[PDB]
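Working notes, structure below.
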Amino acid sequence: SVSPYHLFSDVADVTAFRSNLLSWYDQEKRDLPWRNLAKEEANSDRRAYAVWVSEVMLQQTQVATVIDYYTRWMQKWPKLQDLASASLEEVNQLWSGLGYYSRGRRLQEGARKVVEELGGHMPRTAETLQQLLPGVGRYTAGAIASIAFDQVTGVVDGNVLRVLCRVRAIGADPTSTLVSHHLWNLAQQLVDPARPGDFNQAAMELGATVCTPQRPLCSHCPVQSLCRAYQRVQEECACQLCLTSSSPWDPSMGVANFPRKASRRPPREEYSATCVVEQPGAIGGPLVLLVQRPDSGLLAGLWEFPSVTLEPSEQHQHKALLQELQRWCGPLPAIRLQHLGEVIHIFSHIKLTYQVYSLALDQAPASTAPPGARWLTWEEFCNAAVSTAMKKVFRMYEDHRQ
DNA sequence: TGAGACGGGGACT
DNA sequence: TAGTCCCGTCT
Ligand code: SF4
Ligand SMILES: [Zn+2]
């Protein structure tokens, strides 16, 4: 079992927690496009599709970044049938710059499955949503099911994890499988049976605007009377959920002692050489060369200027890049390769350093443009399915140009 | 099982 | 400044 200092053994505490959080939400909730669409869309499938898209985009992405992407998505594909007919290229174009591009592909595949195999009907429970929809894990299933279908299911995102680890003073490593089970148990216990969707959004919004990672706003916290972390700074525990013997306590960290942060290792340094090959084209030039990454691994299926991966001691070499550029353009006068500078793009796991080069041709390449290579205008590149790193490479190529 | 793969940026000091 | 933390799913 566990201690009651770590659970809500008093139903009055749960009832007060629901009413306090919901009351704060009822007078402070942020105006969001997917919240308006949900409360007015009477059709369950349409309503679930709007919630589905928002919850996928919100994965590891802040609300402020999602709002513009969600609006563009719903404008282009207002219905599941519209998304089901879209190409993966189009999805990658709209997802450009949002990050974690597998979310877009699976969102399109899932809608394609709903329309083509389920008659356009969304599963109505978190269990079946998670079972049938790719890219819909445990959070997104409970998110869709509670918000769109009123199923009484609690969810745990990063915000709820931070709120719960503080309210019940959980100081263990939150990523371990046992505290993860206890957090989802607390969420399923606390979720309001009458308003499960509004409860989950209230909990998540509380962790984004009040119970923030740094400098929380307890002077404005509605659940400050049910938080064990807050009362300590002003009932003690009897373990596996408190702070370990090696886990240090800090008087100057306040309630932010919880949750215990996991010191991440800095990303591995990788090095690459990329070049923006240009030709004058006709009207609307110049045209720049884009090639498509493999449909696996990092930035799968996106378009990029021709690049080569180099070991650190070779990061300034040209021979591998020239060999790559001659694949798509044929023979190339090599002394025209101009070094423009470097671009450092940070992934969650890779620190990539691009040595950016530029190559301006006088006319069209003598060899025919092989398949897999496209020559785009500048406007077409800015709307293409490319990663932000390549947009950084282009804007540098645009600066060092006359 | 679980620990790394998988993007980009917003908001703190 | 230039860091530092942090906003799920899958294999
Ligand atoms: S009292 Fe402080 S630590 Fe507790 S939930 Fe509210 S903001 Fe978070
Ligand atoms: Zn304990």
Side-chain angles (χ1 to χ4, degrees), chain A residues 30 32 52-70 92 94-107 109-110 126 129-144 155-163 165 173-181 183-184 187 200-201 203-217 252-254 256 258-268 270 293-302 304 343-352 354 385-392:
Chain A
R30 180 176 182 173
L32 296 176
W52 182 9
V53 172
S54 73
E55 297 298 332
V56 167
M57 293 189 172
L58 283 173
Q59 298 172 4
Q60 301 290 272
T61 311
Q62 292 187 172
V63 174
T65 311
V66 173
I67 294 175
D68 285 353
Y69 279 94
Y70 179 86
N92 288 344
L94 208 141
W95 213 265
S96 187
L98 193 50
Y100 286 171
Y101 295 85
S102 293
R103 294 183 288 159
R105 174 182 53 83
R106 290 165 186 157
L107 184 52
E109 293 175 355
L129 284 158
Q130 183 175 359
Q131 173 186 20
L132 299 165
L133 300 192
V136 172
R138 189 177 179 184
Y139 167 75
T140 307
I144 296 170
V155 290
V156 174
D157 72 322
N159 293 288
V160 174
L161 174 141
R162 176 171 54 259
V163 174
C165 282
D173 167 271
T175 68
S176 69
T177 176
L178 183 56
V179 63
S180 174
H181 182 75
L183 289 181
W184 283 87
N200 295 326
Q201 296 198 77
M204 292 181 282
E205 186 150 315
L206 187 77
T209 64
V210 174
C211 201
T212 46
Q214 295 99 26
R215 304 245 297 169
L217 313 183
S252 54
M253 283 208 299
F258 322 95
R260 185 179 108 81
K261 64 189 310 302
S263 182
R264 69 195 75 261
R265 191 69 58 248
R268 64 179 197 269
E270 296 195 4
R293 305 177 52 85
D295 70 317
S296 65
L298 192 67
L299 300 172
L302 296 192
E304 69 177 23
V343 163
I344 293 180
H345 193 64
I346 308 297
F347 300 89
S348 288
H349 59 306
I350 295 170
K351 177 178 179 179
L352 185 54
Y354 278 113
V386 302
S387 65
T388 303
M390 290 301 151
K391 285 167 175 169
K392 295 178 177 184

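Below, chain A is the first sequence line, B the second, and so on; all start at residue 1. Hydrogens, waters and symmetry mates play no part in the numbers below; they use all other heavy atoms, side chains included.
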For this session: Would you kindly give the CZ-to-P distance between A:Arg103 and B:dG7, to the nearest whole Å?
Result: 9 Å
Exercise. Any chance the side chains of A:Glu304 and A:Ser387 put a donor and an acceptor closer than 3.5 Å?
Worked result: no
Exercise. Is A:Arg106 touching bases, backbone alone, or none of the nucleic acid, heavy atoms closer than 4.0 Å?
Worked result: sugar-phosphate
For this session: Under 4.0 Å between any heavy atoms, over every strand shown, what does A:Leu98 touch: base, sugar-phosphate, or nothing? Just pick one.
Result: base
For this session: Please report, rounded to the nearest Å, how far the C1' atom of B:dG9 is from the CG atom of A:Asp68.
Result: 13 Å
Problem set entry | Spacing of the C1' atoms in B:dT1 and C:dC10 (rounded, Å) | 14 Å
Problem set entry | Secondary-structure stems for DNA chain B, with pairs counted as Watson-Crick or G-U when both distances are under 3.5 Å and runs at least 3 long | B:3-6 with C:8-11, B:8-12 with C:3-7
Exercise. A:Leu352 CG to B:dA5 P: how many Å, rounded?
Worked result: 14 Å
Exercise. Heavy atoms under 4.0 Å, any strand shown: does A:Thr140 hit a base, just sugar-phosphate, or nothing?
Worked result: sugar-phosphate
Exercise. Is there a donor and acceptor pair closer than 3.5 Å between the side chain of A:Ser348 and the base of B:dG7?
Worked result: yes
For this session: Under 4.0 Å between any heavy atoms, over every strand shown, what does A:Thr61 touch: base, sugar-phosphate, or nothing? Just pick one.
Result: base
Problem set entry | 5′-ward residue of the pair A:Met57/A:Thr177 relative to DNA chain B | A:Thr177
Exercise. Starting at the 5' end of DNA chain B and moving along, which residue's nearest nucleotide shows up first, A:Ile350 or A:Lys392?
Worked result: A:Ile350
For this session: For residues A:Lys391 and A:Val386, report the shortest heavy-atom separation together with the two atoms involved.
Result: CE-CG2, 3.8 Å
Seminar exercise, completed: In whole angstroms, the gap separating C1' of B:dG10 from CD of A:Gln214 amounts to 12 Å
For this session: Locate the shortest heavy-atom distance separating A:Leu298 from A:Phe347; write the atom from each residue and the value.
Result: CD2-CZ, 3.9 Å
Problem set entry | Span of DNA chain C in contact with chain A (heavy atoms, under 4.0 Å) | C:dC5 to C:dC10
Problem set entry | Derivation and outcome, side chain to side chain contact (heavy atoms under 4.5 Å, CB included), residues A:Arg103 and A:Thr61 | CA-CA 12 Å; A:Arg103 294 183 288 159; A:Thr61 311; 3.4 Å; yes
For this session: Determine the sole option in A:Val66, A:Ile67, A:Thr65 for which the side chain to side chain contact (heavy atoms under 4.5 Å, CB included) test with A:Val63 is passed.
Result: A:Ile67
Exercise. Closest nucleotide of DNA chain C for A:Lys261 versus for A:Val156: which of these residues is on the 5' side?
Worked result: A:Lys261
Problem set entry | Distance in angstrom units between A:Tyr69 OH and B:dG10 P, rounded | 10 Å
Exercise. According to a strict under-4.0 Å criterion, is A:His349 in side-chain N/O contact with OP1 or OP2 of B:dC6?
Worked result: yes
Exercise. Are any of A:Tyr101's side-chain N or O atoms less than 4.0 Å away from OP1 or OP2 of B:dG8?
Worked result: yes
For this session: Just do the side chain to side chain contact (heavy atoms under 4.5 Å, CB included) check on A:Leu183 and A:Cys165 with the steps written out, would you?
Result: CA-CA 8 Å; A:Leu183 289 181; A:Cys165 282; 4.1 Å; yes
Exercise. For atom P, what is the distance between B:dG7 and C:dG3, given to the nearest Å?
Worked result: 23 Å
Exercise. Over how many whole Å does the gap from A:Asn92 atom CG to B:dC6 atom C1' extend?
Worked result: 14 Å
For this session: Pick base, sugar-phosphate or nothing for A:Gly99, based on heavy-atom distances below 4.0 Å to the nucleic acid.
Result: base
Exercise. Considering only the P atoms, how many Å lie between B:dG9 and C:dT9, rounded to the nearest integer?
Worked result: 22 Å
For this session: Pick the P atom in C:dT4 and in B:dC6, then give their distance to the nearest Å.
Result: 23 Å
Exercise. Taking only residues two or more places apart in sequence or in another chain, which ones pass ring-ring contact (aromatic ring centres under 6.0 Å, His included) with A:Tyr70?
Worked result: A:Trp34
Exercise. Base, sugar-phosphate, or nothing: which does A:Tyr100 touch, judged by heavy atoms less than 4.0 Å apart?
Worked result: base
Exercise. Side chain to side chain contact (heavy atoms under 4.5 Å, CB included) between A:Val179 and A:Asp173: does it pass, once the steps are laid out?
Worked result: CA-CA 8 Å; A:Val179 63; A:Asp173 167 271; 5.6 Å; no
Seminar exercise, completed: Between A:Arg264 and A:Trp184, whichever has its closest DNA chain C nucleotide further toward 5' is A:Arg264
Exercise. Roughly how far, to the nearest 0.5 Å, is CD of A:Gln60 from OH of A:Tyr100?
Worked result: 6.0 Å
Problem set entry | Atom pair distance, as rounded to whole Å: OH in A:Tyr354 and P in B:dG7 | 12 Å
Exercise. Can you tell me if the side-chain N/O atoms of A:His345 get under 4.0 Å from OP1 or OP2 in B:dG7?
Worked result: no
Exercise. Looking at A:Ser102, does any N or O in its side chain come under 4.0 Å of the phosphate oxygens OP1/OP2 on B:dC6?
Worked result: no
Seminar exercise, completed: Using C1'-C2'-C3'-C4' (north if positive, south if negative), B:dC12 puckers north
For this session: Assess whether atom CZ of A:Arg215 is packed by more than 12 heavy atoms of other residues, nucleotides or ligands within 6.0 Å.
Result: no
For this session: Check whether the side chains of A:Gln59 and A:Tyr139 place a donor and an acceptor atom closer than 3.5 Å, and report yes or no.
Result: no
Exercise. Given the P atoms of B:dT13 and C:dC6, what is the spacing between them in whole Å?
Worked result: 14 Å
For this session: Looking at every strand, decide which applies to A:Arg268 at a 4.0 Å heavy-atom threshold: base, sugar-phosphate, or nothing.
Result: sugar-phosphate
Exercise. Which is it for A:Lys392 and A:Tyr354 under the side chain to side chain contact (heavy atoms under 4.5 Å, CB included) test, yes or no, and what are the steps along the way?
Worked result: CA-CA 10 Å; A:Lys392 295 178 177 184; A:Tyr354 278 113; over 6 Å; no
For this session: Give one of base, sugar-phosphate or nothing for A:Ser387, where a contact means two heavy atoms less than 4.0 Å apart.
Result: sugar-phosphate
Exercise. Starting at CG of A:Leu58 and ending at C1' of B:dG8, how long is that distance when rounded to a whole Å?
Worked result: 14 Å
